[PDB]
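There is one chain below, alone, in structure tokens, taken in the form deposited in one PDB entry.
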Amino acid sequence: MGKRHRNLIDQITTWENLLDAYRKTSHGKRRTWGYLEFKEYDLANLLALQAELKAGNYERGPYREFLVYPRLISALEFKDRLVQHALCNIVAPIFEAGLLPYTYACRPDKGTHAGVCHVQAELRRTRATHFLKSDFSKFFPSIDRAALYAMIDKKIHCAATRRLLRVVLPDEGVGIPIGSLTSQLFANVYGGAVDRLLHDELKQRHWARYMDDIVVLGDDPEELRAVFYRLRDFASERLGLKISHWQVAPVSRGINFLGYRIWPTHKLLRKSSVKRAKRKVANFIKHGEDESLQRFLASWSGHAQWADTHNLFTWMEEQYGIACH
């Protein structure tokens, strides 16, 4: 937007923005200690947050780091997730706009499901013969937080948004915290560097990245292997990302992308998905939880409406009775 971006802390701390940040931070969390302790004097809280951010006296409270099974999930205080949400409402849409189309992570109107569809689509057309799928080792745990802030900084220009970004995410380490809206954004942005070594350099026009996973359909498995080598060398030397898994498969193994396995023709969810679901259902039955199963079923009936599962839905209706579709 003329590039620059040199006055974002004015928009981050607009009451009208911090109130959006507040409503976004609380959305879903309105049964949490953080919302409920904040909600008390919310607009008085947001007035001391607005004016913490508008001063450059905002300091991010320590991440409460638990872990679910194997992640490393660092939580934030509600005030801090609100500052993140108030950044990532101005700061996010000035990064998520540079995110090439085919980055499907944490950006509005692109998702898990618009990604698998992009891939199938782009696999459908192009008549892709082959594909490179890659993945970043411990991404959020290998994102430079330093060459990230050379991208959060070719686009923030506002020397106080920059210092708020650097409170909410320090500019030193190799640990973008996982479990930050601020960090979902800055990981898409960082992994956006490899998208601009696929699409820009490398002239790869058929790809999709969803945060750390990167499909790259080709036609010469030798070219896609090149692309991959070029992508890994880049993302290692420039972004400090080890590539955990990669492959250059013919489009036939199926692109295990984002939840689905995506052939040109059948985005066959994934067998993992079936068995996970089969098991989830079976468990739900023999847990007496056959009412949250309807919620789950309705969920998985969406992940599988596009994937091909008529017979599988008949099969699951015959095994347990439950209304799949």
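Sequential numbering from 1, following the sequence displayed.
Keep in mind the form deposited in another entry is missing from the figure; the text below concerns it.
**Q** With the chain divided into two rigid bodies between the shown form and the other one, is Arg145 grouped with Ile243?
**A** They share a rigid part, so that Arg145 and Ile243 shift as a single body between the shown form and the other one.
**Q** Say whether the C-alpha atoms of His118 and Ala298 sit closer together or farther apart in that other deposited form than in the form shown here, given that their separation changes by 3 Å or more.
**A** Compared with the shown chain, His118-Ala298 is farther in that other deposited form.
**Q** How does the CA gap of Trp246 and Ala277 change in that other deposited form versus this form, closer or farther, if it moves 3 angstroms or more?
**A** Relative to the shown form, the pair is closer.
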